[PDB]
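Asks: Protein sequence lines, in the order shown, are assigned to chains B and A. Taking the authors' numbering as reference, the numbering of the first sequence is continuous, increasing by one, and the terminal residue is 141. Taking the authors' numbering as reference, the numbering of the second sequence is continuous, increasing by one, and the terminal residue is 139. Beta carbons: idealized from backbone N, C-alpha and C, even for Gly.
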Amino acid sequence: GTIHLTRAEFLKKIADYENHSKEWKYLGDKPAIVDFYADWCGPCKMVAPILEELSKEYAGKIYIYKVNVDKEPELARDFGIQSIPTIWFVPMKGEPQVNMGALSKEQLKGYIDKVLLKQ
Amino acid sequence: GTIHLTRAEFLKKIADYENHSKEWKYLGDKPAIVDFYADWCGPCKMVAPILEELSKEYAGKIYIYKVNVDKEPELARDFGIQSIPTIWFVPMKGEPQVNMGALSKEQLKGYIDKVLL
Ligand SMILES: [Zn+2]
Ligand SMILES: [Zn+2]
Numbered sequence: 023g024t025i026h027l028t029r030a031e032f033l034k035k036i037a038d039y040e041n042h043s044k045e046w047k048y049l050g051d052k053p054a055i056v057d058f059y060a061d062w063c064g065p066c067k068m069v070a071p072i073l074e075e076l077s078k079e080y081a082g083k084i085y086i087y088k089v090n091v092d093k094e095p096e097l098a099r100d101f102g103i104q105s106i107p108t109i110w111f112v113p114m115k116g117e118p119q120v121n122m123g124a125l126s127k128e129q130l131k132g133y134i135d136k137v138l139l140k141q
Numbered sequence: 023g024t025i026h027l028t029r030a031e032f033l034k035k036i037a038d039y040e041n042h043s044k045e046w047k048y049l050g051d052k053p054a055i056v057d058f059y060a061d062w063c064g065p066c067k068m069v070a071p072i073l074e075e076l077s078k079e080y081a082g083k084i085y086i087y088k089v090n091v092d093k094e095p096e097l098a099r100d101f102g103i104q105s106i107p108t109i110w111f112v113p114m115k116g117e118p119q120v121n122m123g124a125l126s127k128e129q130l131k132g133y134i135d136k137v138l139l
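#1: Checking the sheet assignment: what are the DSSP bridge partners for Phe111/A?
#2: Suppose you measure from the CA of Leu125/A to the CA of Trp110/A; what does that come to, to the nearest Å?
#3: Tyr85/A to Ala54/A, Cα distance in whole Å?
#4: Using beta carbons (cut-off 8 Å, strictly below), is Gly23/A in contact with chain B?
#5: Have a look at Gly50/A, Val137/A, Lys131/A and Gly23/A and flag the residue whose alpha-carbon is nearest the alpha-carbon of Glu75/B.
#6: Measure the C-alpha to C-alpha separation of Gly102/A and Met122/A and round it to an integer number of angstroms.
#7: Cβ closer than 7 Å: which chain A residues qualify as neighbours of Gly50/B?
#8: Could you give the distance in angstroms between the alpha-carbon of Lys44/A and the alpha-carbon of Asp100/A?
#9: Can a CB atom of chain B be found closer than 8 Å to the CB of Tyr133/A?
#10: Can you find a CB in chain B that lies within less than 8 Å of the CB of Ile84/A?
#11: Could you tell me which residues DSSP pairs with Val91/A in its beta bridges?
#12: From what residue to what residue does the alpha helix (DSSP H) around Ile134/B run?
Next comes the structure, spelled out in structure tokens:
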């Protein structure tokens, strides 16, 4: 005849349907920096050229990404950006490490070496 | 040098971070009907015998399930049930086809032979 179904049975016979929160999973082929900045940020203008030269010095070893929070408000909001700049250090495996505020080249190199490249 | 990212590009190069994938993965070994009913439901009274009949003539081809929404409030709420009866036709692959309202034996056979089989 027809088959009566509890929710517990539904999960086994129909679909294990709950939309469980997704675990962080990096998709890039090299570790990365992700720099959340804005045009009106003072420090960022000094940091900007530092990131360009770091992207050359570590070329082939890392990516350095930039996100303009004004142009990408959904992304910025979803990641709770408050301090400008907010800099993410994203290793191939593990949770991103987050720094709020500006950093010197040597501070950046420190994070690149220890966090991105696992020295 | 540095690479600028749109959100769409972030989703590909960094992390597909939203809970927006989940694939509907039907777990059964044959197609199914799932009938969301309730005791307070008038038209369900007419549909019930029809389903039990269909349950027999298609035995081994499909399953016909029944969910009492008042006994399974989380299921009813999670799937946004808005009227009773609500009937699902669940294919081996693809999203289920959903019909709100009582159907006829002629109509149910329609979906079964065409959508399920
Ligand atoms: Zn979002
Ligand atoms: Zn739920």
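Replies: To lay it out plainly:
#1: Along the second sequence, one-based indexing puts residue 111/A at 89. Beta-bridge pairing links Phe111/A to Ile55/A and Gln119/A.
#2: Taking the first residue of the second sequence as 1, we reach residue 125/A at position 103. Taking the first residue of the second sequence as 1, we reach residue 110/A at position 88. Going by the C-alpha atoms only, they are around 12 Å apart.
#3: As a position in the second sequence, residue 85/A is number 63, starting the count at 1. As a position in the second sequence, residue 54/A is number 32, starting the count at 1. When rounded, the distance between both Cα atoms is 5 Å.
#4: Within the second sequence, the letter at position 1 stands for residue 23/A. Yes, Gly23/A counts as interfacial toward chain B.
#5: By 1-based counting over the first sequence, the position of residue 75/B is 53. Among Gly50/A, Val137/A, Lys131/A and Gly23/A, the Cα nearest to that of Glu75/B belongs to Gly23/A.
#6: Here residue 102/A corresponds to residue number 80 of the second sequence, with the count starting at 1. Here residue 122/A corresponds to residue number 100 of the second sequence, with the count starting at 1. Near 12 Å, if we compare the C-alpha coordinates of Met122/A and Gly102/A.
#7: Here residue 50/B refers to the residue found at position 28 when the first sequence is read from its first residue. What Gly50/B touches in chain A: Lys35 and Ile36.
#8: Walking along the second sequence from the start, residue 44/A turns up at place 22. Walking along the second sequence from the start, residue 100/A turns up at place 78. Distance between the alpha carbons of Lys44/A and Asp100/A: 14 Å.
#9: Mapped onto the second sequence, residue 133/A falls at position 111. So no, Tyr133/A is outside the interface.
#10: As a first step, residue 84/A is located in the second sequence; it is residue number 62 there, counting from the start. No, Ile84/A lies away from the interface with chain B (no Cβ there is under 8 Å from its Cβ).
#11: Taking the second sequence and counting its residues from 1, one reaches residue 91/A at position 69. Per DSSP, none; premise fails for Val91/A.
#12: The sequence position of residue 134/B within the first sequence is 112, counting from 1. Counting along the chain, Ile134/B falls outside any alpha helix (DSSP H), and DSSP gives it neither H nor E.
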